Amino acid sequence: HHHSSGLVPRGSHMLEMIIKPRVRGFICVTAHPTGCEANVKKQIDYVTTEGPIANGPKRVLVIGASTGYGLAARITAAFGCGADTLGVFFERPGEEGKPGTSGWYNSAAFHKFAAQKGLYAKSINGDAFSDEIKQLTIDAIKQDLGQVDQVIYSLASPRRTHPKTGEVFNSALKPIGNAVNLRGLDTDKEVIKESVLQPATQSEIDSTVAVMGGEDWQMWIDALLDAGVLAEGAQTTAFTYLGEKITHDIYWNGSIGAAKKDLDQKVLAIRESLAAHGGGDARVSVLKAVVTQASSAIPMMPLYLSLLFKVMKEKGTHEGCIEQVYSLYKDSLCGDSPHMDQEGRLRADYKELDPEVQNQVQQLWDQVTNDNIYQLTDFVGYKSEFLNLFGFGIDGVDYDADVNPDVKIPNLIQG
């Protein structure tokens, strides 16, 4: 009620909103629908440009398909191999006044671009750890594809509800055995903070292994196998990171590392199951450190990546998710001579572990301070890549314009 009330249409501004980056730590509480779409198209375009990949799979299940490496797999499979993709993820739909998660908009754009190139895209939104979601996934494969010939396992979560026990496990990102003096990056104030991270309880290590270890991967392959929806000679891989000695106290030999080691264990039993089924295979694929929602949350990583970006950009070996996963498909998943390591893992992370990069990064680490951040490190590149995750800082996108956050997805099974 004012003096000109009702003599004037409210218009669409009432249902739409201006969406801008809102960052606290490694958390961004907003996502831009138009920019996620454009970010995804950027990745699709990269794969299209590099060109088709021969000897690729044709019916692919990606578990964790909405963001980061899982999305990059979905795009590589789809636009590089022409594969049909069934994506499983866990994301918040957008609604009025309330932007959905990144993953939601990424997947909406994925379905859109897939349809444009005549590719199959269906997705399932819900807890991948649950039996219910597994069943829904099997039914979808049954009805539409008959079988899948590749299963990409790409989950990153801070928790898991055991499909059998009631128990809710929580992921812990601590060091093991001994406390660590962390010299990190405060991303908001843009200074060097200095922490001390206490090592994890056994109880926490067990929880981290339960979340990010290989049990669920195993449960998935088994469920798929005995529903008969896995093709003979099928291939499944789960992503992991090794890093080098600088990251080791926190990651590889930390609690998250304990989980990733459980991975190398479970992959044996799973490989056995796929070997028996028409000469199939199961590998752990090691990828380089990139900026994603998962890696951001890892202590030391923001500064590590800031440095890593600087060195590798100079060296010319800098890549993100989509380049990593494309080359993982081309060189190792589909290629003649695969990059196998001593443990029998595929490898795409070697350019990062180049001893020249690691030494150059290491000597820059102890010597970074509040005055030289923008000269010793590519903190700028990092920030930009972080914002990119959420659809921000994209070129061609008008962030001052109204956008409707209520973006729906065709052929989206909601569980």
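Just count from 1 along the sequence shown to find any residue number.
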Per the entry, where is the mean C-alpha temperature factor higher: 323-331 or 87-95? 323-331
Please compare 401-409 with 7-15 and name the stretch with the higher mean C-alpha B-factor in the deposited structure. 7-15
Residue, from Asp222, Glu272, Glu132, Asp144, that the PDB entry assigns the highest Cα B-factor: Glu272
For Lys266, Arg160, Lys164, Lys122, the deposited C-alpha B-factor is largest at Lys164
Compare the C-alpha B factor of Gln358 with those of the other modelled residues in its chain, then answer lowest, middle or highest third. middle
Split the chain's modelled residues into thirds by Cα B-factor; is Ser207 in the lowest, middle or highest one? highest
Comparing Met340 with the other modelled residues of its chain, is its CA B-factor in the lowest, middle or highest third? highest
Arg347 by Cα B-factor - lowest, middle or highest third of the modelled chain: middle
Among modelled residues of the same chain, the CA temperature factor third for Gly381: middle
